[PDB]
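Okay, so here's the structure we're looking at.
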Amino acid sequence: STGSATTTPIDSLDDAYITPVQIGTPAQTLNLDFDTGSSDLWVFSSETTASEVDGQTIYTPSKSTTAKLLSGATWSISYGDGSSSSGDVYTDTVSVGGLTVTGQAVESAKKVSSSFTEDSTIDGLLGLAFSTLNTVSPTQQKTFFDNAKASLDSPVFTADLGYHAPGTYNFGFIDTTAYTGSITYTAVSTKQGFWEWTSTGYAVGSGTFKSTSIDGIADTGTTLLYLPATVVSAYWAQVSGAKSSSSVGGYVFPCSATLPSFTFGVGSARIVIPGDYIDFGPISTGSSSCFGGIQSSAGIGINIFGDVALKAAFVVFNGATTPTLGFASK
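The working numbering numbers the first residue of the sequence shown as 54 and each following residue consecutively.
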């Protein structure tokens with residue numbers, strides 16, 4: 054089988070992407086944030102604290118004839134950005150872009166932190182990292198991808214994120230019309246539960262390529278590109294007036310700047326992030342100081358190839374026995 058679903062930026066900055074997901078019988082369609090950096094499928098629901106729901110579409114298990122409470126199961130997750138959610142668990146039918154999983158763990162939020170409440174466009178997350186990170190207790194549950202894997206024509210899903218525009222998540226096949234040239238595959242470590250890989254280096258604008266190993270994760274759930282302080286300094290040093298601001302919480306630059314591109318290495322191949330992709334606009338409405346889309350990973354503890362990087366490529370998440378990542382230009 055295969056699945057194919059359009060993924061749409063939630064706002065003008067591509068802060069995140071939402072993808073429609075059918076849950077239950079009859080279908081309840083929720084717009085979830087597909088997150089290759091976590092492994093829980095959780096939704097706003099009829100069980101979510103009322104004060105913590107503000108505009109999201111909720112999953113109501115009692116209205117689904119295929120929903121079954123997973124007796125005793127709870128979940129609790131905290132994300133890299135400080136946000137969190139928790140609740141109980143149902144199993145139900147979950148379909149993405151025509152691809153259907155029965156008995157999918159659907160994690161029903163009883164509580165969400167303010168940032169989720171404040172984002173009315175995101176009804177939940179659908180995790181696509183490795184199931185070893187799944188927070189369900191006392192019985193860990195499988196991701197949607199893990200559950201579909203066996204049924205899929207090929208044990209893969211692809212992320213084709215748009216710049217200021219819709220894109221596509223495909224399950225079980227590689228759309229050879231969706232990219233240019235070849236896909237370069239690179240090794241993955243699953244030891245931390247992430248799509249962890251090692252970039253072979255970078256260039257800033259038209260600068261020479263620096264060969265250097267950069268270990269990081271392919272994370273659709275993170276907006277920006279988080280890299281070592283040395284790398285990020287080298288980038289922002291090419292933008293007049295750019296500076297790291299403690300008060301703002303990262304590199305900012307004059308909104309009047311034209312940003313240089315950033316190239317990262319995938320084996321011998323190169324992915325070019327256009328400068329425009331690295332502009333996340335005024336730090337506050339009407340400010341002439343703009344937030345950078347490349348930021349330091351120091352104090353995160355891991356480098357993150359977030360959407361800023363991933364949307365410049367067609368990315369293959371290969372879930373074969375030995376998982377690998379593939380990147381193509383597009």
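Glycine residues also receive a C-beta, built at the ideal position from the N, C-alpha and C atoms.
| Query | Result |
| --- | --- |
| Return helix, strand or coil for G303, following the three-state DSSP convention. | strand |
| Would you mind working out which of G352, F183 and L214 sits nearest residue 42, comparing C-alpha positions? | Limits of the chain in this structure are 54 at one end and 383 at the other, which puts residue 42 out of reach. |
| Where does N200 fall in DSSP's three states? | helix |
| Bridge partners for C343 per DSSP, in chain order? | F306 and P335 |
| With distances taken from CA atoms, which of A287, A282 and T59 is nearest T261? | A287 |
| Who pairs with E171 in a beta bridge, going by DSSP? | Its beta-bridge partners do not exist; DSSP assigns none. |
| DSSP three-state call for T283: helix, strand or coil? | helix |
| Taking the alpha carbon of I267 as the point to measure from, which residue in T221, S252, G258 and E171 has its own alpha carbon closest? | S252 |
| Could you name each continuous beta strand (DSSP E) segment of 3 residues or more that falls completely within the segment 199-276, going from the start of the chain to the end? | 209-213, 220-224, 237-240, 249-257 and 263-271 |
| Does the Cβ of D134 have 16 or more other Cβ atoms within 10 Å, making it buried, or fewer, making it exposed? | exposed |
| So, do the segment 118-131 and the segment 301-308 have three or more beta carbon pairs nearer to each other than 8 Å? | no |
| With a floor of 4 residues, list each alpha helix (DSSP H) that falls wholly inside the segment 122-190, ordered by position along the chain. | 167-171 |
| Can you tell me the Cα-Cα spacing of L179 and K364, whole angstroms? | 18 Å |
| Which class does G108 belong to by DSSP, given the choice of helix, strand or coil? | coil |
| Go ahead and label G140 buried or exposed: buried means 16 or more other beta carbons lie within 10 angstroms of its beta carbon, across all protein chains shown. | buried |
| Is the distance from the Cβ of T230 to the Cβ of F367 below 8 Å? | no |
| Identify which residue in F315, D206 and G225 has its Cα closest to the Cα of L280. | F315 |
| What's the call for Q245, buried or exposed, on a 16-neighbour Cβ count within 10 Å? | exposed |
| Please return the same chain residues whose Cβ sits closer than 7 Å to the Cβ of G258, not counting the five positions on each side in sequence. | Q291, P313 and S314 |
| Bridge partners of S98, per DSSP? | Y112 |
| According to the neighbour-count rule (16 or more other Cβ atoms, all chains shown, within 10 Å of its Cβ), is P62 buried or exposed? | buried |
| So if DSSP puts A58 in a beta bridge, which residue, or which two residues, is it bridged to? | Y222 |
| Nearest CA to the CA of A162: which residue from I353, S91 and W95? | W95 |
| Nearest to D107 by CA position, among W289, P219, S136 and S98, is which residue? | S98 |
| If you reduce the DSSP assignment to three classes, tell me which class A381 lands in. | strand |
| In terms of alpha-carbon separation, which member of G354, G352 and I331 lies closest to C343? | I331 |
| Going by alpha carbons, who is nearest to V189 out of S137, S104 and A158? | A158 |
| Does the separation of the CB atoms of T60 and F87 fall below 8 Å? | yes |
| What do you get for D360, buried or exposed, if any count of 16 or more other CB atoms within 10 angstroms of its CB means buried? | buried |
| Please name the residue, chosen from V285, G220 and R323, that lies closest to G150 on a Cα-to-Cα basis. | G220 |
| When the distance is taken between beta carbons, is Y255 closer than 8 Å to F333? | no |
| Between which two residues does the beta strand (DSSP E) holding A322 run? | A322 to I326 |
| When you compare only the Cα positions, how much space is there between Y216 and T377? | 25 Å |
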